[PDB]
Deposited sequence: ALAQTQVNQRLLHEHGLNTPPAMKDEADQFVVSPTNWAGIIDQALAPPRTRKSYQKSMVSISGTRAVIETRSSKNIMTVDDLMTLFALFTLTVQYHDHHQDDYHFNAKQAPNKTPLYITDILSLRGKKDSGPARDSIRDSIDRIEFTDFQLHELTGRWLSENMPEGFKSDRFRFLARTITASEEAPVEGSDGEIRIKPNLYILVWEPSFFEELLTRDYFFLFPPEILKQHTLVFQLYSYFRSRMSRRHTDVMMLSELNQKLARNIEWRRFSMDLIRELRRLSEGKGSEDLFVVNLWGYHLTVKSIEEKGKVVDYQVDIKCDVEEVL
């Protein structure tokens, strides 16, 4: 459905903003040069961008186990792979993340579409999919009704049936989905930044971008003064004193970034991001 290089492009615009409770969201996107709208629905709340890291933790544990579309996953393994203090509220936060993933539906409508598809020579293609086709869950205490009257459960083991097409891709194109276990422990914007590079920096040794374009390729819907302000703060604390306000370096797990601020009439209007790929 979703190609692995298109992931940061299309799927990330289909998720809700962080800490946001939505049941629906519509977004315009581009692949194949073609206009397409993607819809995200849930009977509960849709996946937010903060769930990408629990989702990619599930990816890692799936491929590891199978080294048969049934996969058992212990919530303590998710908490450690995500660098979470085994707690009560922390178990519950992972559970809410996996829940939002389970019940989120994505529907991709091609718009300048027009293909030979069958009898229809100029068709309109839509693809509705879900990451998990079925979840079996073992809890330690009894199902309880919540405040709203619907059942609440607290799993500690999960049995995952991934969507068939994605499941064989998750094992075939295995490289596009297995991330360093520490990248799964970062803030959302660093995770989003690293993921864009795994696509962009294929068949490239070095390359230079502007943070304004990283604002476009990563988070079109967030204004500059907070995309830049946010991504710099997280990039600076991953820099460990290696630089000043106007220059710092950071080793984004193989991608070596050099972040130079750009100044016009004394104020900071952009940032140069120089990338150098330590082939590992």
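In this chain, the deposited residues that lack C-alpha positions fall in the ranges 1-30, 98-110, 324-326.
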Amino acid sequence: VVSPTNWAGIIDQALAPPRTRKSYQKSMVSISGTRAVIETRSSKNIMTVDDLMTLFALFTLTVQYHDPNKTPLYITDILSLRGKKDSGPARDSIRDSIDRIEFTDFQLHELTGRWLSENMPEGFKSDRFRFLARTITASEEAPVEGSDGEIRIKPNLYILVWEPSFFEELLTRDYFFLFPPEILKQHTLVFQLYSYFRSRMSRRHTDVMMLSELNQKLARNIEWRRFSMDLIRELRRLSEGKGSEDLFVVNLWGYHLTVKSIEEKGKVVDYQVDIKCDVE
From here on, numbers count along this sequence of modelled residues.
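The stretch 175-183 shows the higher mean C-alpha B-factor when 175-183 is compared against 153-161 in the entry.
Stretches 190-198 and 109-117 differ in mean CA B factor, with 109-117 having the higher one. Out of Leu58, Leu211, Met47, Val29, the entry records its largest CA B-factor for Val29. The entry assigns its greatest Cα B factor, within the set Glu102, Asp127, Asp148, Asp96, to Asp148. Ranked against the other modelled residues of its chain, the C-alpha B-factor of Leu257 as given in the entry falls in the middle third.
Placement of the Cα temperature factor of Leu79 within the chain: highest third of the modelled residues, per the deposited record. For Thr137, the recorded CA B-factor ranks within the middle third of the chain. Only modelled residues enter the ranking.
In the deposited entry, the Cα temperature factor of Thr20 places it in the middle third of its chain's modelled residues. Annotation for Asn221: CA B-factor lies in the middle third of the chain's modelled residues.
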